[PDB]
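Computed over heavy atoms, backbone and side chain alike; hydrogens, waters and symmetry mates excluded. Naming: A, B, ... by sequence-line order, numbering from 1 per chain.
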Amino acid sequence: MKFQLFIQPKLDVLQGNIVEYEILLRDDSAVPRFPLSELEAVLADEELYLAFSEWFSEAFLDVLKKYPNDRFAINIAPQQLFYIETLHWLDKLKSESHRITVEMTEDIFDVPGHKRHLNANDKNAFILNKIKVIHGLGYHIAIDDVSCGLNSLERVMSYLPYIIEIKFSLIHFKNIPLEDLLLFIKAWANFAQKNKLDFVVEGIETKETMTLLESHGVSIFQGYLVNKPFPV
Amino acid sequence: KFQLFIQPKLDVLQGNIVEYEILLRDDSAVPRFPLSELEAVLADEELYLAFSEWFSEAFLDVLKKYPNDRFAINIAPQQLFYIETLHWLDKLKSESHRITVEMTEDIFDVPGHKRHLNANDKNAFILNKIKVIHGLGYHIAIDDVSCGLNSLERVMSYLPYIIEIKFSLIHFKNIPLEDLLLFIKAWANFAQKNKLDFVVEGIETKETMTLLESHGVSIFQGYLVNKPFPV
Ligand SMILES: C[As](C)(=O)[O-]
Ligand SMILES: C[As](C)(=O)[O-]
Ligand SMILES: [Ca+2]
Ligand SMILES: [Ca+2]
Ligand SMILES: [Cl-]
Ligand SMILES: [Cl-]
Ligand SMILES: [Cl-]
Ligand SMILES: [Cl-]
Ligand SMILES: [Cl-]
Ligand SMILES: [Cl-]
């Protein structure tokens with residue numbers, strides 16, 4: 001209803017090649033924005049979540065068909081994993097998982113009501129299990145926006161068996177002096193290397209910035225330029 | 001079915017008591033944090049009122065017993081959606097000048113009457129309550145940074161109102177210390193740049209301190225590992 005898909009090509013900072021396309025939810029707005037309140041309303045009702053899920057999986061499959069040679073990243077909030085429908089549509093798209101990355105978002109949404117009786121430890125176990133399942137289906141799993149939301153180092157550590165990628169988004173950290181932010185970037189870069197994970201830095205304004213990040217010992221990673229998403 | 005423990009916080013280098021932390025425990029043969037019980041209380045306003053009345057009175061008894069010392073209490077951000085929480089912080093406010101509110105990294109379910117708020121409006125509502133607590137003169141610490149929801153983004157959002165950030169080695173057993181040390185150094189610098197106090201908890205012994213120093217963790221309060229006990 002109030003929903004549509006956008007794509008953001010993810011462009012390598014140094015040579016500008018398209019590494020993958022990320023899929024983004026947007027509203028039907030004058031100027032489309034992420035539909036935060038609408039997705040939360042859907043997440044709070046199993047029947048609406050089922051309709052949303054049917055829409056999303058079909059629309060996304062249409063995109064996969066239209067670009068059959070490329071990798072697609074989709075965003076899934078951990079709280080989505082409390083609905084079996086989420087895993088059911090990942091299962092139905094599983095012939096394409098070799099070219100799909102599931103970016104687990106940093107979002108803290110209200111847990112669907114039929115799983116609210118679980119304590120905090122049992123909730124984390126349930127989610128980790130579902131991440132196991134997604135990994136088992138052969139999706140690449142990435143942690144999105146690390147050091148944001150609930151994507152703290154502890155969480156990244158719990159997900160670690162099942163992930164291939166850590167993403168750090170400069171955009172989420174505007175007001176931190178870069179020389180201060182650089183120490184967190186260096187920490188995550190080293191973590192990624194030690195654990196044979198790909199490290200991605202998103203929201204890099206120019207190649208100038210790359211070199212900037214380059215002096216202060218961030219050696220191995222993929223950088224993505226800032227660019228506007230657009231309708232699919 | 002709840003009781004309070006205290007954990008004296010002991011300086012790693014000279015062993016003095018910096019402050020005492022108040023910890024919730026159940027009535028078990030071996031007491032543990034009563035996670036399920038506290039979540040059930042958080043899910044029901046009437047039980048939360050009754051728990052709040054118990055807690056605040058019990059904690060006030062403690063304060064009277066040790067009138068010269070600083071006490072740290074843990075508050076989960078979701079407790080801020082209940083007006084009762086600010087009501088008892090308001091009632092204890094004559095002592096706020098020796099109380100630290102440690103905002104925990106917990107992700108509990110938000111009380112039902114505030115679930116209608118979108119994620120942005122929920123964050124603003126918590127931030128407003130933290131402003132209030134800071135306004136009452138409490139010291140506010142962020143507990144267990146880089147755990148739970150206490151990510152760098154959150155710490156940034158809390159920043160005007162905090163004086164302390166705490167990093168707990170205990171939460172990160174399986175990270176090789178030379179890798180963990182880069183995160184510790186990042187937070188140590190963040191604290192200095194922002195004139196926050198940096199605390200590293202869960203230091204087993206004095207050698208660790210040298211390590212921390214050799215890797216740019218210059219100014220911090222180290223705390224030893226020790227057992228809490230009934231108040
Ligand atoms: C070329 As590929 C590893 O993104 O499927
Ligand atoms: C010396 As003090 C501010 O920790 O009571
Ligand atoms: Ca993403
Ligand atoms: Ca604490
Ligand atoms: Cl999205
Ligand atoms: Cl379900
Ligand atoms: Cl973090
Ligand atoms: Cl506690
Ligand atoms: Cl660990
Ligand atoms: Cl320091």
Side-chain angles (χ1 to χ4, degrees), chain A residues 34 36 105-108 143-156 166-189 191 201-205 209 213 216 218 226, chain B residues 75-78 80 100-107 118-135 138-168 171 182-200 217 219-220:
Chain A
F34 178 85
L36 183 69
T105 75
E106 76 268 41
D107 296 303
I108 314 165
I143 311 311
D144 206 13
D145 297 341
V146 283
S147 292
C148 299
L150 52 55
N151 280 345
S152 54
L153 174 67
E154 180 182 69
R155 185 164 289 256
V156 170
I166 282 305
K167 312 174 71 216
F168 188 105
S169 173
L170 289 178
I171 289 156
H172 286 70
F173 294 117
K174 288 185 32 65
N175 303 128
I176 301 193
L178 203 47
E179 87 168 57
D180 301 337
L181 203 58
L182 264 174
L183 299 183
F184 295 92
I185 298 170
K186 176 169 130 69
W188 288 112
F191 180 88
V201 176
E202 294 197 308
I204 295 172
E205 212 66 65
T209 334
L213 300 171
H216 294 111
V218 200
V226 171
Chain B
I75 294 188
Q78 305 84 11
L80 303 178
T100 295
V101 170
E102 299 193 346
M103 304 296 316
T104 73
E105 75 271 32
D106 293 301
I107 310 170
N118 80 36
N120 287 327
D121 292 345
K122 286 195 177 83
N123 281 339
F125 184 110
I126 293 313
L127 186 54
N128 175 257
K129 303 293 161 319
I130 294 193
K131 170 180 165 187
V132 173
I133 296 166
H134 171 264
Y138 290 95
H139 281 182
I140 302 176
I142 313 310
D143 206 9
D144 298 338
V145 293
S146 293
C147 300
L149 50 55
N150 283 341
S151 60
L152 170 70
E153 180 186 62
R154 187 167 289 259
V155 169
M156 293 297 295
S157 73
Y158 286 2
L159 206 45
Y161 305 113
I162 65 174
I163 189 44
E164 173 184 328
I165 61 186
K166 305 176 74 217
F167 186 104
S168 170
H171 289 69
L182 300 175
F183 292 97
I184 299 171
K185 177 172 132 74
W187 282 115
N189 178 72
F190 178 90
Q192 280 305 297
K193 296 298 180 70
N194 295 279
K195 301 169 175 63
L196 303 172
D197 289 336
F198 188 49
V199 182
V200 176
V217 191
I219 297 166
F220 68 97

Original post:
Would you call B:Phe220 and B:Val199 a side-chain contact if the rule is heavy atoms closer than 4.5 Å?
Top reply: no
**OP:** Decide yes or no on side chain to side chain contact (heavy atoms under 4.5 Å, CB included) for B:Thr104 and B:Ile142, but give the supporting numbers first.
**Re:** CA-CA 7 Å; B:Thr104 73; B:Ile142 313 310; over 6 Å; no
**OP:** Mind running side chain to side chain contact (heavy atoms under 4.5 Å, CB included) on B:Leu152 and A:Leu181 for me, showing each step along the way?
**Re:** CA-CA 10 Å; B:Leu152 170 70; A:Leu181 203 58; 4.1 Å; yes
Original post:
Partners of B:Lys122 by side chain to side chain contact (heavy atoms under 4.5 Å, CB included), sequence neighbours excluded?
Top reply: A:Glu40, A:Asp110, B:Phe81, B:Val110, B:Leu117
**OP:** Could I get the full list of ring-ring contact (aromatic ring centres under 6.0 Å, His included) partners for A:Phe173, not counting sequence neighbours?
**Re:** A:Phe168
**OP:** Only pairs at least two apart or in different chains count here, so list each salt bridge (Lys or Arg N to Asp or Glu O under 4.0 Å) that has a residue in residues 147-167 of chain B.
**Re:** B:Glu102-B:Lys166, B:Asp143-B:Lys166, B:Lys166-B:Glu201
Original post:
Can you name the residues that form a side chain to side chain donor-acceptor pair (under 3.5 Å) with A:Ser147, not counting sequence neighbours?
Top reply: A:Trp188
Original post:
Quick one: CD1 on B:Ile162 to NE2 on B:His139, what's the gap to the nearest 0.5 Å?
Top reply: 12.5 Å
Original post:
salt bridge (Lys or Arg N to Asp or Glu O under 4.0 Å) with B:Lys193: which residues, sequence neighbours excluded?
Top reply: A:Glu179, A:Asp180
Subject >> Heavy-atom closest contact (B:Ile133 atom, B:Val101 atom, distance) >> reply: CG2-CG2, 4.0 Å
Original post:
Who passes side chain to side chain donor-acceptor pair (under 3.5 Å) against A:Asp145, sequence neighbours left out?
Top reply: A:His172
Original post:
What is the minimum heavy-atom distance between B:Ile140 and B:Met103, and which atoms define it?
Top reply: CG2-CG, 3.8 Å
Original post:
So do B:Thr100 and B:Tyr138 actually touch side chain to side chain, heavy atoms under 4.5 Å?
Top reply: no
Original post:
Residues two or more places apart in sequence or in another chain: which of them pass side chain to side chain contact (heavy atoms under 4.5 Å, CB included) with A:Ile171?
Top reply: A:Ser169
Subject >> Full working for side chain to side chain contact (heavy atoms under 4.5 Å, CB included) between A:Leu213 and A:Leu182 >> reply: CA-CA 7 Å; A:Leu213 300 171; A:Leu182 264 174; 3.4 Å; yes
Original post:
Can you name the closest pair of heavy atoms from B:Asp106 and B:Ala76 and give their distance?
Top reply: OD2-CB, 3.9 Å
Subject >> Closest heavy-atom pair and its distance - A:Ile176, B:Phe190 >> reply: CD1-CE1, 4.5 Å
Original post:
Short question: side chain of B:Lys195, backbone of B:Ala191 - any donor-acceptor pair under 3.5 Å?
Top reply: no
Subject >> Distance, nearest 0.5 Å, that separates CG of A:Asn151 from CG of B:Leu149 >> reply: 11.5 Å
Original post:
Which atom pair, heavy atoms only, marks the closest approach of B:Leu196 to B:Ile165?
Top reply: CD1-CG2, 3.8 Å
Subject >> Under the side chain to side chain contact (heavy atoms under 4.5 Å, CB included) test, residues paired with B:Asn128 that sit two or more places apart >> reply: B:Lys131, B:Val132
**OP:** For the residue pair B:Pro77 and B:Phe125, establish whether any side-chain heavy-atom pair is separated by less than 4.5 Å.
**Re:** no
**OP:** List for me each residue that meets side chain to side chain contact (heavy atoms under 4.5 Å, CB included) alongside A:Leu183, sequence neighbours excluded, and say none if there are none.
**Re:** B:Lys185, B:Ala186, B:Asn189
Subject >> Closest approach of A:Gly149 to B:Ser151 (non-hydrogen atoms, all atoms of both residues) >> reply: O-OG, 2.8 Å
